[PDB]
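Q: Let me begin by handing over the structure; questions about it come next.
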Amino acid sequence: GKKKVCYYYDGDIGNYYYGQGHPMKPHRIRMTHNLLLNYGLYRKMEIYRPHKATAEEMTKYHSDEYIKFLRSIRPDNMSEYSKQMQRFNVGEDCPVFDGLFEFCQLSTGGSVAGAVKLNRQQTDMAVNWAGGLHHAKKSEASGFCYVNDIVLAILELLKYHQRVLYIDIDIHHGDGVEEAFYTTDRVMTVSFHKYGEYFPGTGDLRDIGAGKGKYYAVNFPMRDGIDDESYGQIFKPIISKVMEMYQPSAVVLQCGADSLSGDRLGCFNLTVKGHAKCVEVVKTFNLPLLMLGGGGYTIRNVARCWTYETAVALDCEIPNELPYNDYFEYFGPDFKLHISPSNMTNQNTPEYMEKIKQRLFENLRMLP
Ligand SMILES: CCC(O)(O)CCCCC[C@@H]1NC(=O)[C@H]2CCN2CCCCCOc2ccccc2-c2cnc1[nH]2
Ligand SMILES: [Ca+2]
Ligand SMILES: [Ca+2]
Ligand SMILES: [Zn+2]
């Protein structure tokens, strides 16, 4: 039936600024929070302020040198770190900004605290919209991500769970998470993403893991314009087959909203209902679930998406008419929660979708 939901948020998160022109806007986390508060979604959730994750907690995955660099670099001392900035990929995608380390600490803190709460069996679902920064590598920042909160949260879940399933619906391939667990069978990574002339360039359907991890990495490459009907047609059957064969005891779901129609960086055509259908599908398996944020660059749509997905987690129906809120003007001209898909062509033909699904099913037959 209905589940206990714990939600992680720090009121300072929305103040971190990547810089003029950078599409990553932490303010979208504050817009999501304000919208869900105005819908009354706080009445049924336990709301927690995450602790600032320590450099030591971060080094359970990242190298000591990389975390030391992140804790030391600032816009005023950048000139003395030109060498380390190149080595750690800090530059245009991953700039140095005021409070960078504290932003990482809050993003990570929410994910790890949620994983601890799930491990203690004190909640059925834990939500951290500030997390889901899937591109960060052991000693390298990548694609707007500096610390891989997902990998750290999964390592925490692995203390009490033999098998953990990671599912990523961000439009970009979840490369940092896949790479971290590529050679183990204790984590199965499943990523649905745009593939072909698109960042990060990885996630081919032939990338299936290595060594003990062979068959434990699953990639569903897609083309521009995927819609609710097409996405829905493959998501449930793939996730159902993965649940059946892998039998995970905990799940982490990265809910990157850049797979929505009208995204500034994405080229998919999902609606908020289509995107949220993934949360409904995963929730139906009744396993401990950590829901995380990720991409999303048309910020009014990110707020709508994550507000609706929090309502889905709580099994609460919310009206389409948006309640008045601190950012009401951002939701014009309609002031509605749900969005309409565009007229963009869906390059993913029904035959292509079935063919890729059948190839993934062949790989899933190889599990013990
Ligand atoms: C949070 C999780 C996530 O949503 O998955 C992160 C997605 C990360 C995408 C990284 C990718 N980066 C690139 O294509 C890099 C490699 C060559 N370019 C150069 C960097 C350009 C400047 C910074 O970037 C932008 C600035 C303005 C507008 C768009 C971009 C941009 C678009 N795509 C990129 N960057
Ligand atoms: Ca993905
Ligand atoms: Ca794996
Ligand atoms: Zn993305």
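The numbering of chain A matches Swiss-Prot: 8-375, in order.
Cβ coordinates come from backbone N, Cα and C, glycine included.
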Q: Name the one residue among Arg213, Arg230, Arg271, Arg311 that Swiss-Prot lists for the same 1D-myo-inositol 1,4,5,6-tetrakisphosphate site as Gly28, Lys32.
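A: Of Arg213, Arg230, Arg271, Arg311, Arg271 joins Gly28, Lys32 in the 1D-myo-inositol 1,4,5,6-tetrakisphosphate site that Swiss-Prot records.
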Q: According to Swiss-Prot, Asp177, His179 bind Zn(2+); which one of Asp83, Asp100, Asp265, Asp270 is listed for that same site?
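A: Candidate listed by Swiss-Prot for the same site: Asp265.
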Q: Based on the annotations in Swiss-Prot, which residue of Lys75, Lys201, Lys219, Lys364 is described as SUMO2 cross-link?
A: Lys75
Q: According to Swiss-Prot, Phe188, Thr191, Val194 bind Ca(2+) 2; so which of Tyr167, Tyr222, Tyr223 is the extra one listed there?
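A: When Swiss-Prot describes the Ca(2+) 2 site, the candidate it includes is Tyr223.
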Q: Per DSSP, to which secondary structure element type does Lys75 (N6-acetyllysine) belong, with helix, strand and coil as the options?
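A: Reduced to three states, the DSSP call for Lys75 (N6-acetyllysine) is helix.
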Q: Select one residue from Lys75, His142, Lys221: among these recorded positions, choose the one with the most other Cβ atoms within 10 Å of its Cβ.
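A: Sorting the candidates by Cβ neighbours within 10 Å, the top entry is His142.
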Q: Using a Cβ cut-off of under 6 Å to any atom of ligand 2, determine which of the recorded positions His142, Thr191, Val194, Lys221, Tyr223, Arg271 qualify.
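A: Checking each Cβ against ligand 2, none of them comes under 6 Å.
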Q: Could you state the whole-number distance in Å separating the C-alpha atoms of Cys274 (S-nitrosocysteine) and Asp265 (Zn(2+) binding site)?
A: 8
Q: Name the one residue among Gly28, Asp175, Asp177, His179 whose Cα is closest in three-dimensional space to that of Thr191 (Ca(2+) 2 binding site); these are the binding-site residues.
A: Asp175
Q: Report the nearest neighbour of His142 (active site) in space among the recorded positions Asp177, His179, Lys221, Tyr223, comparing Cα positions.
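A: Nearest listed residue in space: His179.
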